[PDB]
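Chain by chain, the residues:
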Amino acid sequence: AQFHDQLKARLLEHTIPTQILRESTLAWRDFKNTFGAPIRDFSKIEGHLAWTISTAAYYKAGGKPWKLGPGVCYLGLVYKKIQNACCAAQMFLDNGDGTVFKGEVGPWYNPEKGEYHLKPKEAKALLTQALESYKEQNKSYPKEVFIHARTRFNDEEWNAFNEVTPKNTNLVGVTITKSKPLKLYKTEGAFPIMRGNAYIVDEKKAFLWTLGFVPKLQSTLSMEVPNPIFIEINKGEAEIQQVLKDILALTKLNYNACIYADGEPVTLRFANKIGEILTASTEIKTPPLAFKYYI
Amino acid sequence: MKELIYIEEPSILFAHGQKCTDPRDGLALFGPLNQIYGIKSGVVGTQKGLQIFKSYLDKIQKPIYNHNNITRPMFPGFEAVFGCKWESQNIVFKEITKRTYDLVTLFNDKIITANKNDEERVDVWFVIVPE
Amino acid sequence: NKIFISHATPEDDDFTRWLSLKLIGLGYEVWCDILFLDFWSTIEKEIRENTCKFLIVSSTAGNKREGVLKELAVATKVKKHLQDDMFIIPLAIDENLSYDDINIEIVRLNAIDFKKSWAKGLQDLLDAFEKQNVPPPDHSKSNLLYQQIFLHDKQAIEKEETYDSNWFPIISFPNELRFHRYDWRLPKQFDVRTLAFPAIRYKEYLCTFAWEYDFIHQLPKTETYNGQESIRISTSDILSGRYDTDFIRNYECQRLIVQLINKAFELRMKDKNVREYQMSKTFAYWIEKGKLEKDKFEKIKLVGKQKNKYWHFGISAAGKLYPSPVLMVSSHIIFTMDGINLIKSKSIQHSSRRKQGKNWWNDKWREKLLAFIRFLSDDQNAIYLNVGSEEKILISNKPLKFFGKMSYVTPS
DNA sequence: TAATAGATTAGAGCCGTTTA
RNA sequence: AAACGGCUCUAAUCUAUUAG
Ligand SMILES: [Mg+2]
């Protein structure tokens, strides 16, 4: 069950970009269900398959496939069960316009069994790490810190964030929840709601369709009917429209894949990946912090 | 009867400053940003695993077609898209001939022994996990 | 100064589009039939007038069509006219097509091998008509060309469209939410979920929308109860958040109302002759076989057959009150062997659910969900939930409607 | 400590490859 | 573990209440 996670974790100390390729992926035709078609039917997706692998092989080899199109750091933190461990993923833009997307690691441990929140000291440590990373990569403090997570930020941990953040810097905390039971259909066509439509329930909470029918792709990124993601501005001041625009922008940086877009923002996904990688094995001091060693 | 706000699709940059919505099409027409010169592939696996990886790598070199080529673009080929060579004749192969711990440790210490001792450089190690 | 690419159009569209777009990227004026949105007069005129090179695609389908063959023939006539040996350059791509079986008119011509490493072939093309003296790159031209034809056919258009949601609004609520001081009339070991009408044990009370004498048949100690003891609260204040006291907090009483809604839906469907399946966190309510006319409502089929199993459209409903008092439903597929007995194992259920949802889409899901909800309605546009003898919960048959200013053309 | 809920959260696995 | 999705299953915690 934990082969990939353990292998990626044990390679973290001696930095080695590794890609695990299953035999059932590379040469799927040979392995057959013993009564018919191969156990994995990749015939419809071969090029796409190659696409992803090539991009992954181009990413871990130190190549940057695509950028994004300032002064704002988007930080997605995700809690993994082990005690719980919070792991972050940061992305921003520097003076060179080459988007920096590495992700903050060194998971912060909350001893509580089910409190998916950070103690004040851990929150201050995480925010200091992220802010100092921004300062080192941009020689100046960011204009805004855009925290988003799959959990709602409590008053205590957000207050700790506010104490530890510097002046003239606005920080926003967003609860991005998936699998919200709002199946919005289409009554005239036979095809689902197109990707990008948003249902603003309130000035701070809304539904976003980061996935669905795409005109350019001439089909849907999701089978059946798309499930919108609930974007709620839980803390801080921010326009809901700008927040949804930022979330749609984040849904483009999935270097782990060659796909038009993914249902959830990339920062949360990569924070989840590095969190699984870390929690696979024993503690690692100053983890590499670059995605090619986890993804 | 509620207002649905539209968010314009954001453009992801590509080579030569051109921005496209689809990562695949942008890769095909323009290509990636940074020009790594090649991929010194490392393989850690069995003999059949190395054969599978080499055959699929050579398949990657040639264009490969999706069944429905408008909903998911074609693959022009690794050199066609990324502009860097990833041929299968320059591969660094390491042969493999609690249970999760030992199985991980075998590929592991093969990888560290090859990264520490072997002279040849490997940009990325492709662990062909057997099935 | 034009580069002409001739090809088998439907077969070699992908290669031709890629190569043409690249060549425009490097800065070469490229003419192709798929690059332009009679036409034959223009084709001949451009082959004869100012084209410098004539590249011909030589796939297995690129030498057996009259059109490509005779544009090649006229290109050869032009080639002899120019007194230039470097006019026609084959571009062989097909692996099944060897250097034999190639067309006679092109067999002597030194092809450019694209069979392996299309990038290598394009590099050969570029270093070929670099020192062949074929006339500043601007890749934005290639991007614009990609947007103009390959993209404009399917893009974002400012078109109004209407969406049917899964949120079915609650039309009206019982006026008073009532807590009953059932100190001894209610046994402390009794399960109030077993009560015929929804009720919750909050603060030793009996949080329910029903009157004080509904719980009589199964709870016969409760008569002769002084109604002054029960506390009745206006539901409008609860929903609007006005009622927030030391007795009950606003969020708590809203949560109790939601639990009452869920229990009321559950026991109503218990009386609606729909079968239940224990989901992970809720109950899925579906229809057996033979219970619908031609296994369909109106013209929408809710139960069908696939691979020796019977699939049934089912729904799992919960109530929420944040945006509005509304019941959100979830659509599921429940599989049975003969249509009457549920499949015990859940792995086969999940696999069959994936296989069925493989071919189900937006229109099918929407029509099935609307058919189910309208099939649960005794009213023409409302669903009754029995929360009280004189009080009912009304769920609108039509879910929340939505509209959008930007949408897409639907090809079908 | 146990129970009944709603609301949030996290873990897995599992099938299909997105209607031309 | 190419990948993204849909779904299914399980568990936990926070609240409010009731029985230990
Ligand atoms: Mg990967």
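Note on numbering: residues are counted from 1 along each chain in the order of its written sequence, which can differ from the entry, and residues with no coordinates are hidden. Chains carry letters from A onward and ligands carry numbers from 1 onward, assigned in written order. Taken from a larger assembly, the chains shown here are the sole basis for all values reported. Only hydrogens and water are set aside; all other atoms, that is, all heavy atoms of the structure, feed into the side-chain values.

For this deposited structure, the header cites cryo-EM as the method used and 3.11 Å as the resolution.

Draft legend 1. Structural view of the state of the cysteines. Residues and elements named next belong to chain C. Criterion for a disulfide: a pair of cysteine sulfur atoms within 2.5 Å. For the coordinates displayed, the defined rule picks out zero disulfides over all chains. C52 forms no disulfide, and the closest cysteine sulfur to it belongs to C32, at a distance of 17 Å. Relative accessible area decides the class of each residue, using a 1.4 Å probe on protein chains only: under 20% of the type maximum gives buried, over 50% gives exposed, and in between gives partly exposed. Using a relative accessible area of 22% as the deciding quantity, one classes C52 as partly exposed. Counting only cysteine sulfurs, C253 is the nearest neighbor of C207, a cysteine outside any disulfide, at a range of 8.6 Å.

Draft legend 2. How the structure looks around the protein's contact with DNA strand D. We call a residue near a molecule or strand as soon as one heavy atom of that residue lies within 4 Å of the molecule or strand. Neighbouring DNA strand D are 42 residues; A:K80, A:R152, A:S219, B:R72 and C:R193 lie closest to it. Here, DNA strand D places atoms within 4 Å of the protein, and 66% of those atoms are sugar or phosphate. A 3.5 Å cut-off defines polar contacts: any pair of N or O atoms within that distance qualifies, except that in protein one atom must be a possible hydrogen donor and the other a possible acceptor, and neighbouring residues in sequence count only when both atoms are side-chain atoms. Contact distances for DNA strand D include 3.1 Å between a sugar or linking oxygen and a side-chain N or O atom of C:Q259. Every element with two or more residues in the surface near DNA strand D is listed here: β2 (72-81) and β11 (219-220) of chain A together with α8 (250-270), β15 (309-320) and α9 (346-358) of chain C. Residue classes follow a fixed rule: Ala, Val, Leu, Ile, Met, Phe, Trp, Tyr, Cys and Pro count as nonpolar, while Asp, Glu, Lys and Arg count as charged, and any other residue, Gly among them, counts as polar. A breakdown of the residues in the surface near DNA strand D according to their chemical character gives 13 nonpolar, 13 polar and 16 charged. By definition, any uninterrupted DSSP run of H or I lasting at least four residues is a helix, any uninterrupted run of E lasting at least two residues is a strand, and each is numbered from the N terminus.

Draft legend 3. Looking closely at the sheet that holds strand β2 (residues 30-31) of chain C. Residues and elements named next belong to chain C. Here five strands make up an open sheet; going across it, the order is β2-β1-β3-β4-β5 and the pairing parallel. Two strands lie at the open edges of the sheet, namely β2 and β5 (112-113), each paired on one side alone. As judged from the two bridges shared by strand β4 (residues 88-92) and β5, these two strands associate in the parallel manner. Within β5, the position partnered with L91 by the bridge is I112. In this description, strands pair whenever DSSP reports at least two bridges between them.

Draft legend 4. Just the pairing of strand β1 (residues 18-22) of chain A, in detail. With four of its five residues buried, β1(A) lies for the most part within the structure. Sheet analysis places β1(A) next to strand β6 (residues 124-129) of chain B, joined by five bridges and oriented parallel. Considered in β6(B), the bridge of A:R22 is made with B:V129.

Draft legend 5. Up close: the interface of chain A and chain C. Counting residues at the interface gives 27 residues for chain A and 35 residues for chain C. Interface area, chain A with chain C, both sides summed: about 3,100 Å², of which 59% is carbon and sulfur. By definition here, a salt bridge exists when the distance from a side-chain nitrogen of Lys or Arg to a carboxyl oxygen of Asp or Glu is within 4 Å. If you look at where chain A meets chain C, you find three salt bridges. C:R354 is the salt-bridge partner of A:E224, the closest N and O atoms lying 2.6 Å from each other. In this structure, the connection of chain A to chain C is made through 18 residue pairs in polar contact. The residue makeup of the side of chain A that touches chain C, split by class, is 16 nonpolar, four polar and seven charged. Contacts: residue pairs with any heavy atoms within 4.5 Å of one another. Buried area: the accessible area, evaluated with a 1.4 Å probe, that two parts lose upon being put together, summed over both parts.

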